[PDB]
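One structure is given below, encoded as structure tokens.
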Amino acid sequence: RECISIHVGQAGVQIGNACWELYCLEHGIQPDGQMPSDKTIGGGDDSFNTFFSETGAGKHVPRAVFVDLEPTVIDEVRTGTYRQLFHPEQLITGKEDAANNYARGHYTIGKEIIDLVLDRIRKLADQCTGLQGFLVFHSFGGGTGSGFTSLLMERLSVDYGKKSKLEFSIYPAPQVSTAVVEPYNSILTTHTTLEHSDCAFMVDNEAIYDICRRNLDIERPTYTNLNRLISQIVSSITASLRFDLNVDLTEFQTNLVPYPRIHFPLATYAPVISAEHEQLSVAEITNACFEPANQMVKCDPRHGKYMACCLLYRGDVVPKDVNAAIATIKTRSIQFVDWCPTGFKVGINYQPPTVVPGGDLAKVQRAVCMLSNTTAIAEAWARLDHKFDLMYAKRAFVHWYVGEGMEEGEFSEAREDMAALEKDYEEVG
Amino acid sequence: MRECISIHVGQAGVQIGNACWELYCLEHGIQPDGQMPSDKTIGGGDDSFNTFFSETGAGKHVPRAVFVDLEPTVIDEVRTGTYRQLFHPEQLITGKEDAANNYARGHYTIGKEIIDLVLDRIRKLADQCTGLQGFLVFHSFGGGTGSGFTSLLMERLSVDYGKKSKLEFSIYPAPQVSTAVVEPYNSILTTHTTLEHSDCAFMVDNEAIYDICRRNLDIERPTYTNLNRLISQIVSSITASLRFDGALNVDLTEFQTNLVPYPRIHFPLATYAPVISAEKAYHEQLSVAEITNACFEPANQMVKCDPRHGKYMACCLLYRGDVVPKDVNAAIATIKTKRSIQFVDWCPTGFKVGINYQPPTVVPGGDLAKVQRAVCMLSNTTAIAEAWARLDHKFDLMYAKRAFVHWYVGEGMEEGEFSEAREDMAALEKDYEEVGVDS
Amino acid sequence: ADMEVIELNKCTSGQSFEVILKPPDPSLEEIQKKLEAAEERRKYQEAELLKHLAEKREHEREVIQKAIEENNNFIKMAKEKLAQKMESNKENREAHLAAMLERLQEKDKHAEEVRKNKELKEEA
Amino acid sequence: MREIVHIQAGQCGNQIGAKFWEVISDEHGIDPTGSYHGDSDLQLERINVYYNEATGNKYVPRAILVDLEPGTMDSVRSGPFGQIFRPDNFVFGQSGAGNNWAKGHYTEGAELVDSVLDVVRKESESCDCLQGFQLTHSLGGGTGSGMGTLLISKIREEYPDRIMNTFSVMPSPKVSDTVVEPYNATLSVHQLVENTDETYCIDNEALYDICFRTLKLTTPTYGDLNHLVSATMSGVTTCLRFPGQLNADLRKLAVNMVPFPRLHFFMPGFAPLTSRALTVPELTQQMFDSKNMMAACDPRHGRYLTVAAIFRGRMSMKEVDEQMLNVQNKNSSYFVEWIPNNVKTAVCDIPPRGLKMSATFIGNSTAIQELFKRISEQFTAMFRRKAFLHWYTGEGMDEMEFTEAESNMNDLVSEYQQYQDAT
Amino acid sequence: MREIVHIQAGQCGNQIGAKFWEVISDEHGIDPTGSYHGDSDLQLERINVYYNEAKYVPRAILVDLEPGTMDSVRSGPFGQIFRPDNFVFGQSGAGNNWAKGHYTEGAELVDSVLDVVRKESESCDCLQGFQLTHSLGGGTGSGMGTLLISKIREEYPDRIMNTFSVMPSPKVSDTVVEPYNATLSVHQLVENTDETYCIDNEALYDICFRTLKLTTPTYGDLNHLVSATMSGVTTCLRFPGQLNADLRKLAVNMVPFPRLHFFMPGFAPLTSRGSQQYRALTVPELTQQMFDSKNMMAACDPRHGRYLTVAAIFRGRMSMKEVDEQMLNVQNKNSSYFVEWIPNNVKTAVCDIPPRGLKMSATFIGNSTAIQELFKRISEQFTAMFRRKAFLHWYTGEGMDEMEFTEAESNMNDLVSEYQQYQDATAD
Ligand SMILES: Nc1nc2c(ncn2[C@@H]2O[C@H](COP(=O)(O)OP(=O)(O)OP(=O)(O)O)[C@@H](O)[C@H]2O)c(=O)[nH]1
Ligand SMILES: Nc1nc2c(ncn2[C@@H]2O[C@H](COP(=O)(O)OP(=O)(O)OP(=O)(O)O)[C@@H](O)[C@H]2O)c(=O)[nH]1
Ligand SMILES: Nc1nc2c(ncn2[C@@H]2O[C@H](COP(=O)(O)OP(=O)(O)OP(=O)(O)O)[C@@H](O)[C@H]2O)c(=O)[nH]1
Ligand SMILES: Cc1ccc(C(=O)NCc2cccnc2)cc1NS(=O)(=O)c1ccc(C2CC2)cc1
Ligand SMILES: Cc1ccc(C(=O)NCc2cccnc2)cc1NS(=O)(=O)c1ccc(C2CC2)cc1
Ligand SMILES: Nc1nc2c(ncn2[C@@H]2O[C@H](COP(=O)(O)OP(=O)(O)O)[C@@H](O)[C@H]2O)c(=O)[nH]1
Ligand SMILES: [Mg+2]
Ligand SMILES: [Mg+2]
Ligand SMILES: [Mg+2]
Ligand SMILES: [Mg+2]
Ligand SMILES: [Mg+2]
Ligand SMILES: [Mg+2]
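Right, here's the structure in full:
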């Protein structure tokens, strides 16, 4: 049951490259597209074929489409050293971007471009015997990742309501961001795609920046060092479908998402050790996922009640150790909501986690990623809602959106929805 | 393009035009035969000197000028002078009977005989210009031709050329070196009729120029060409930025906009520095500051009026020679601090500056010494209301007894024109007083 | 450490279990109506701007027009004022000379009656 | 690739526009004939923003030169980089403007504004995706101010969806060309509020003051004044001209820097001011200093709405970032609270010629109301007495356009202060 | 241009007129034959004003009722230079009868006078006007002269008419009726001339007798004075400079009111024809003696009135700065004698060429209110005769009525009244 990846905007595309780079080395696929360990040439139904289809010449082609209205970022993939893997069709570019403007990306230019990207998606979907759904990668603050992604998400539901839609979104961080209108863009895009996404893994850019600086001993990490750590967390999430727990995309919705609106699970990853020794306990890495210092989104999980959570191990892990590891942690009293059973869905993948050779993070015997739908993630929403309110109170910058045909009422139609989501979060909290 | 036509009226205007065009020819290196051995573009080309000169097929460089006098003796010497071949004979227009110091004769009985003939030669020179800027009208105030005909010409020009710019260079009447008792009559009458027709009128009087030559050149009595050749430096300094490629220009419209705060207040007085005798010529040169400070000293005003008695409304400083903007801005800066120099409260900026790098030249063998630097200041100050009052008082002394009015009535004028003209001069005196009070 | 573990899917390079510690619309035309309503209000914004720029174009025409009117009115008033005083000056000057020569003619007629009177005296 | 059309208008506009081209051409290694002679492809990655690939192997600036007199544009053709500009891109008249906004904007400017646009349209067809225009001009004169705003209005009519930016020299009695500068500036400030997306306020008073006081020169050359502007414009435009982590364009900066359409007047700043490379702490300190502002306004008299800073030279960006939030945290009260994270910076490791390190300041401060207040006081002083007003009435203008422009400028001052006391 | 037609009528008119042609022709180096023999070239630049180049011939017209004078002026030196066609004579003189000159026998040949006037004016590039020399005491020059003046103004109304009129005095002629003929001429002159130079025979007698210390002056003595001032008055007319030799200009500047155009000429130094001239008067001596009553050609004391306008001409090689200083000195050392309501009413001229025999000379032309003394005296003698209506039948016999006499004396009495009104006129 194949799966299609979509990267919208600079953050979605760059992150997407970093993810496909790791997929190839995890499965040992070489930059020219060959896989020496793939013997059913030109076909088959293997586990890694959920994400790559095969040429007649044996080249392994990612089931992905790259969308940006500006071509500088896609031109990298167009010319990069992993350039052979994609067909020129898979890469779509306009030449004027959304100008950090949601309404420009959604109402203005997105009307001009979505038919094109939708056509390219069906050509990939028509190459799917069975297809569960889509993984869309986008930023919250950027005009393209905000405005166009939301337009594409609703069209994807009326066109393929059959399938499932999963989000990998970048939460705007005051330290690492590019636009002051990013609170505007974020609140607007979540309101319009909330009804059209089954699960959404959000990534607080400040947290990783903090993670790499402390745990890698790095001066100020590049975006590439951020992007490579993201790739480890994305890969572990998607690893379940790449080696056929969590082997269906509806298993993401069922295991971690009890209601529809609450579909923002917190992701945690451990371990992270500099490439600059012998590995640590299975209980050590498991204990780290409950420390807030390893969280992907800066929030206090002690202030929240878990509703569900998911633990995906990769490496030399056997059940008896985690059962032992998850016996001792119950010596932090982690409360759960009373209509959901206290417990952990656990998945194991025996092949050690891979790394980009030469990258800062070291190769490790065992790694774990915890995916928890805690209500503590609501405070990340609250900070975003406040900065939105500060500028919208004085109606700052909104003339740029109204100038694109957007009604001013959409700002509060989206804002009150955010108030409902934050209120609904503590209703079960 | 940007051509300018010079019209010289009367003996004063014609002999001032002699001095200027002689000086123009020496500044541009134009020989007395009309040929310029420094203009490669034969019979054409649009270099900067061509604003005041036209070129023939043979190379002769002819002035864009018209010389007109109701009487031929003064213009006859132009036709026989060293520069006779500069003009086509049609440019020098003369009648046979002058206005006899009578404005009415210049404006009515005698002037009507040659007015159209003059106007049609203006049109033919204007026909040779792709972009006419305007006219420079040279005349005195006191003569019958200089007052009566000039006024008639200015009225005609407005009909034929609309609101196109007309600038005057006028010699103000001075008893000391006067020539006619009826000068106050002619001057008041010509000012009254050319008021609506002139955009700006640069003014000097022969008294202040006479005294300056006496004081600074050690001449027991300066002759008329002494006065004229000094005036030629003032005029050339006014026209320098239009005949020479320059960093900072002042075209005909720039003079208007910057020196005339109100339609009737368009009489800036001229000032010039330095004026140095040729026998004590080459001592250490004067600063750029010193010549600027000299322009505000009351002893150096080309119209004998006291600037300390009034406020400055606009100052145009035109430099030529070895001077660069930073020198001017500094010299102006400290003048802006001088408490004795006062400006009206409705002109905060108050200054306009043009600069030309070409050095000033003088006629060889003259009394004036050649200098590296020179400046001409055209100041619009309320202080010249004194000059109007002096002229209007002399007018009053004779009009009260109607003395000499019979000469004007005999030529068709009515006494009503006299009172209209004077009443308007009383309004001009009041206007100069009214624009001086604080807000 | 009692934990109800349930041994779920298990295979060659993977297995999974769940430990328990405690028990417990889509319309495209409505989409394109929003897109079109945004495009139409953009066009309303462009039209209102272009109308605003038309009034400024027309204002530039009016300013240039009155500049022509001022130049034209200045010409004809100068023309008529010059014609009026030149004609009035002719009648004045002609009346002065006509009067002066009529008195001269009166003087002539008096000379003829002086000669007439003497001749009648000579008949005595 | 997202080209920019440059237009220089009037005496000042053509002369600082000519030095801007000589300066950035030196940064991009382009010589007078227009052929490349620099050492790095970085000078060519975004060269199409400001240049056109010529018929041979040369680069031609996408620049239009406009004036109502042929004097100063002939002098820039006489300059060292005179031969680089396209010959058909020189659009001049013979009438001049007479330092009169009315002649530039109405009567004389109309006789030429059609031919200028014909050149604008030509180069517009020569661009894969034109992002907008930049104009250099003064506000005190006749052509640059009067004809410049008319040109900007007619450009907005043809290309309404494009970005318009001006570098506007504000008039000052310390360096003046004409006595009616309060009229010309006030009349076109009115216009820049409506028809440009942002305006960089170059104040001849600040230029002179900086040039005199902190640089110790008895009296400053015009090249000295223009040198500050060209270095300032060079720094304002580096991210458009050089590649980096961001693909900066005109609209994004406008979207991020202008919270309300009218408040688009920017206070430029530069550091260091040169007549021993500087340490990153010293640049960020002087760059925020009142003595480095190319507009004569004290930033401590207002609050920054938004601020963009551009650092150039080899340096560590964590130094830059820590310093930039240091002064943000040290002077918490001089930034507005209702715009979070309103100070963003960018670093380009290529410094300007003659300096190992430098920084450029682009500020949207409400302290700039002091600039429009200074012009408004000089304007009323003249307008109260209706002085020199007859040269504008004679061209068909009415008095109410002067009052409409005056109260509009005071309206701008009022609402700048409105958000100065906003919480 | 600027040609002047000269006319001389009667005995006195032809006598001082012939003497005036004698003086300036030698000044212009023209021998009695009539051919140029002058040293300098300044002599012929403005020669056309008075001379017609045929050999140069005076633009002069010699008229008299008495035919004997024609043969007298020819018989005198420079007699043949006058054109013969220009002589116009009658059968016999008017016998001191003004009516005969103006109305009866004078009117017979006035048509022949205007013929040659027309003939001489037709050959003019641009005619300035006419000057007439004549006495007012006789009948031809006074009676017919004034008739000639009004006839000429009929044909040339816009041209300048100037006269050199010799007023009668009992000290040189005992003829009784001359006060009649002068009053009737003044009556004509005040309305029909632009300026008349009042040469008083009474003053001419006093100068030769009291100052020149002359026994019994001969008309030749008196005419030497007139010819000296007549040349001095016309110097700038005959010689070039920065000054325009014009008639209208002088008249416009010297005549503030149309009726007050009677000038008091003065000359310095006064000298006999054969005097040795041991020294040349210097500029302060000329300027002070020029304004002296002893040097006036009209029997009037200038300090009994005020100057309306004054024009002075200096002759010889001198410093113009010295002329300005002395001329300004006497202006404010005697400021009370110049009306204050005509500013700058005194202007002077200087010519480099001096008169014959005199290296230094000065000529004075003043429009003074003191000239009312001259008209008062003539009116005094007129009313004495007219009170008793003495000898009126000589005039009424020719056709005149008595009330012409009343109008003439009233109008002359108005003239003296008008001078006195401006004499005591105040600036305010
Ligand atoms: N983690 C990570 N975040 C990125 C990256 N690139 C951009 N971002 C974030 O994305 C946000 C802005 O959205 P972008 O993706 O850059 O802009 P866009 O999607 O291209 O939309 P446009 O405005 O039309 O250009 C900022 O908050 C950045 O922090 C990246 O490579 N890695
Ligand atoms: N500076 C200067 N003033 C002159 C000159 N010539 C005459 N004037 C002055 O001009 C005034 C007299 O006017 P003119 O130009 O001589 O007279 P005009 O124009 O010829 O008029 P009419 O002769 O009456 O027909 C007096 O103030 C003279 O002092 C001259 O050459 N230079
Ligand atoms: N000074 C001067 N006066 C003269 C001379 N001849 C005559 N008079 C005066 O002229 C007056 C007489 O008039 P005349 O000129 O002799 O007479 P006329 O003009 O010839 O007219 P009639 O003789 O009557 O036909 C007398 O009072 C004389 O004093 C003269 O030669 N010199
Ligand atoms: C950070 C920045 C600094 C400089 C430039 C730059 O030099 N652009 C080239 C250019 C364009 C137009 C005119 N002149 C030059 C671009 C950016 N990036 S930003 O996203 O546009 C942006 C985001 C947020 C803000 C502030 C509200 C906090 C400002 C800018
Ligand atoms: C200065 C002067 C002296 C002599 C003559 C001269 O000899 N002219 C030739 C001539 C003409 C007619 C009769 N005789 C001779 C002309 C002038 N110059 S002036 O303009 O006429 C003039 C202007 C003002 C005044 C004022 C004092 C009242 C007087 C004169
Ligand atoms: N900084 C600078 N300012 C100038 C320059 N030239 C003129 N100005 C200023 O520009 C204004 C006058 O405008 P100007 O450009 O000369 O007039 P225009 O030709 O009609 O556009 C005044 O405020 C002058 O101070 C220059 O070269 N540099
Ligand atoms: Mg982007
Ligand atoms: Mg296979
Ligand atoms: Mg003259
Ligand atoms: Mg040439
Ligand atoms: Mg200029
Ligand atoms: Mg006789």
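Protein chains in written order, with the working numbering: chain A, 68 to 496; chain B, 989 to 1427; chain C, 727 to 850; chain D, 542 to 964; chain E, 3 to 430.
In this text, a Cβ means the ideal position worked out from N, Cα and C, and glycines have one as well.
Would you say residue i touches ligand 9, meaning its beta carbon is less than 6 Å from a heavy atom?
i       : result
B:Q1116 : no
B:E1059 : yes
Tell me which residue opens and which closes the alpha helix (DSSP H) that residue i is part of.
i       : result
B:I1279 : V1276 to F1284
B:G1400 : Premise fails: B:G1400 is in no alpha helix (DSSP H) and is neither H nor E.
E:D66   : Taken as a continuous stretch (DSSP letters only), E:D66 belongs to no alpha helix (DSSP H), being part of the beta strand (DSSP E) at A62 to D66.
What are the boundary residues of the beta strand (DSSP E) that includes residue i?
i      : result
E:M163 : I162 to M169
D:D744 : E739 to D744
E:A11  : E5 to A11
Using 8 Å for Cβ pairs, my map puts residue i next to residue j. What's the rounded Cβ distance?
i       : j       : result
B:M1386 : B:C1283 : The Cβ separation is near 35 Å, so there is no contact.
B:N1089 : B:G1131 : 6 Å
B:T1138 : B:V1125 : 6 Å
E:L288  : E:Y421  : That pair is no contact at about 27 Å.
B:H1254 : B:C1188 : 5 Å
D:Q675  : D:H569  : The pair is not a contact, with the Cβ atoms about 16 Å apart (cut-off 8 Å).
E:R161  : E:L129  : 6 Å
Does ligand 11 have even one heavy atom less than 6 Å from the beta-carbon of residue i?
i       : result
B:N1237 : yes
What do you reckon, is the C-beta of residue i under 6 Å from a heavy atom of ligand 10?
i       : result
B:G1033 : yes
May I ask you to check if the CB of residue i is nearer than 6 Å to at least one heavy atom of ligand 6?
i                      : result
residue 998 of chain D : Outside the shown range of chain D (542 to 964) lies residue 998 of chain D, about which nothing can therefore be said.
Those runs of the alpha helix (DSSP H) which lie wholly inside the stretch 1169-1247 of chain B and span at least 4 residues: 1171-1182, 1194-1205, 1212-1231 and 1240-1247
List, from N- to C-terminal side, the alpha helix (DSSP H) runs of 4 residues or more that fit wholly inside the stretch 76-159 of chain A. 76-93 and 139-146
Residue ranges of each beta strand (DSSP E) within the stretch 1286-1322 of chain B, 3 or longer: 1300-1309
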